[PDB]
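So this first bit is one chain, no partners, the form deposited in one PDB entry, shown in C-alpha cells.
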C-alpha cells in the first residue's frame, strides 16, 4: 500500500519499514526533517502575530466609527471576526501541533484545527457571493428605489454563517470527518478514505458542489453582469457623479477580493480534489502541506486589501490609531466617520 490508513488517519507514507505512527500519538519526523516542522511552527507563529492585530484593529475601527455601516462595512466586520476565530480557534492548535510534530490533543485538536479553517474559508467564500449580489444590485440596480439597509447587511452576514456552518459543522457530527494532512500538522475533510461508516464520499461531493462550484458560478456570472456596466476603468472625481465614481471603487475591490480568494484556495482545493480522485495513490507529505498551509493566509489578506483599497476605512483607521483624530492622509475627500468627531450624520 502507498500509504498507511489508520482508523482515524491516513499517513501519505508507506509503513514497509514499519516506521509509521498514528499522528495522534507520536512525532512524524520520519515524514520530513524536524527543521521543516519548525518552519511550520515559525510560520504559524508569525501568522498569529499578524492575524490577531490586523483583524482586531479592523474590528475595533469598524465598531468605533458609527457611520461605517454599509453592506461592505458589515461583511468585512464579519470577515474580521471569522479571521479571529481562525487565529485563536485553530491556529493555536496548528502551531501547537507543528511544535510537537503531531496532534497531541488527538482528534479534538484536529477538529479545532479543521473546523475553524473551514469555517473561515467558507465564510469568506459565501461573503463573496453576498458582495457579488450587493455589488450587482447597486450597479445594475434591479429596483428603481431600493437600498440595502443595515438589516439586509445583517441578513447577508447571518446567511454566510448558516452556509459555512452547513459545510463546517457536519464533519464533527458523523458526516465525513476531519483528518490530518501533509506533514500531519493540519486537518481537513476526508478525501483520502471512503470510510462508509461516516459517509465520506458523499460529503466531499456535497462540499465541492454546494460549497464551491456553485458559489463560484454565481459570483462569476454576477461579474459578467458588471462587465458592460461599472468597469475596472475608474477615472477621477465624479464618473457621472462622485457617487457613481466611488461605486466603481467598491466593485474594483470586491473584484480583487475574489482574485485573492482563488489564489488562496485553488491550489488547496486542487490537490484536495486530485487526492479524492486518486485515493491510495503514491503522493507524499509535502504534496498537501504546501497549499494547506499557504491557504491559511486567508485569515489575513482580506483586511489588507480593505485598508489598501478603501480611503474611508484607512482614514478611519489612521484616525483611530492617531488616538485623537487628524486623519492626515488625503481623507476620503468625501464622507468621513468615527465616534464624537465628524461622525455628524449627513444624509438628506
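Positions refer to the first chain, counted from 1. Rigid core: the largest C-alpha set superposing within 1.5 Å between the two forms.
When the two stretches 149-157 and 267-275 are set side by side, the higher mean Cα temperature factor goes to 149-157. Mean CA temperature factor is higher for 319-327 when stretches 319-327 and 53-61 are set side by side in the entry. Across the residues 261, 175, 91, 228, the deposited record lists the maximum Cα B factor for 228.
Ranking 123, 95, 250, 112 by Cα temperature factor from the entry places 250 first. Per-chain ranking of the deposited C-alpha B factor places residue 142 in the highest third. Sort the modelled residues of the chain by CA B factor and residue 3 lands in the middle third. Among the modelled residues of its chain, residue 14 has a C-alpha B-factor that falls in the middle third, as given in the PDB entry. Among the modelled residues of the chain, residue 192 sits in the middle third by CA temperature factor in this PDB entry. Ranked against the other modelled residues of its chain, the C-alpha B-factor of residue 200 as given in the entry falls in the middle third.
What follows is about the form deposited in another entry, which we do not show.
Residue shifts between the shown form and the other one, rigid core superposed: of 95, 157, 253, 104, the only C-alpha displaced by 2 Å or more belongs to 253. In this overlay on the rigid core, residue 178 has a C-alpha that sits less than 2 Å away from its partner position between the shown form and the other one. With the core held fixed, the Cα of residue 38 is displaced between the shown form and the other one by less than 2 Å. Relative to the superposed rigid core, residue 200 undergoes a CA displacement of at least 2 Å between the shown form and the other one. In comparison with the shown form, the Cα-Cα distance of residue 58 and residue 243 increases by at least 3 angstroms in the other entry. Contraction of the residue 81-residue 307 CA spacing by 3 Å or more is recorded in the other entry, set against this form.
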